[PDB]
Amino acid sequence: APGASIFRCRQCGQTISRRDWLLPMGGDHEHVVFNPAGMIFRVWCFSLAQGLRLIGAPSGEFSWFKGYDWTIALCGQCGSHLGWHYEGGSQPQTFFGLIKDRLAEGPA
């Protein structure tokens, strides 16, 4: 009976990811970053996620991860901005960077 297995959208409960799917990019699953508007994000990298809606086409502009282009990832249910999908890179080609305080962790 693990209580810390699944990540859900904090705003609505949509199923998003799993602790088992955390990915240590450059040796750490956690990356703390700022956007050009100075907003700080505590980003957890995941190999896999579900329940999102990826908006638009990828952009390399101000990518926090060398070699990757990003797309905005909304909660597919409620539209909350949960993070970004990264693509176009190498080892791995793709991953998700999700904003940890916009998720809730809980049982399977």
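Throughout, we count residues from 1 along the sequence that is shown.
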Note to self: If you take the mean CA temperature factor per stretch, which one wins between 24 to 32 and 65 to 73?
What the structure shows: 24 to 32
Next item on the list: Using only the Cα atoms and their B-factors as the entry lists them, report which of 33 to 41 and 47 to 55 averages higher.
Entry: 33 to 41
Margin query: When the deposited Cα B-factors of this chain's modelled residues are ordered and cut into thirds, is residue 11 in the lowest, the middle or the highest one?
Written below: middle
Next item on the list: Would you check the entry's CA temperature factor for residue 88 and let me know if it's in the chain's lowest, middle or highest third?
Entry: middle
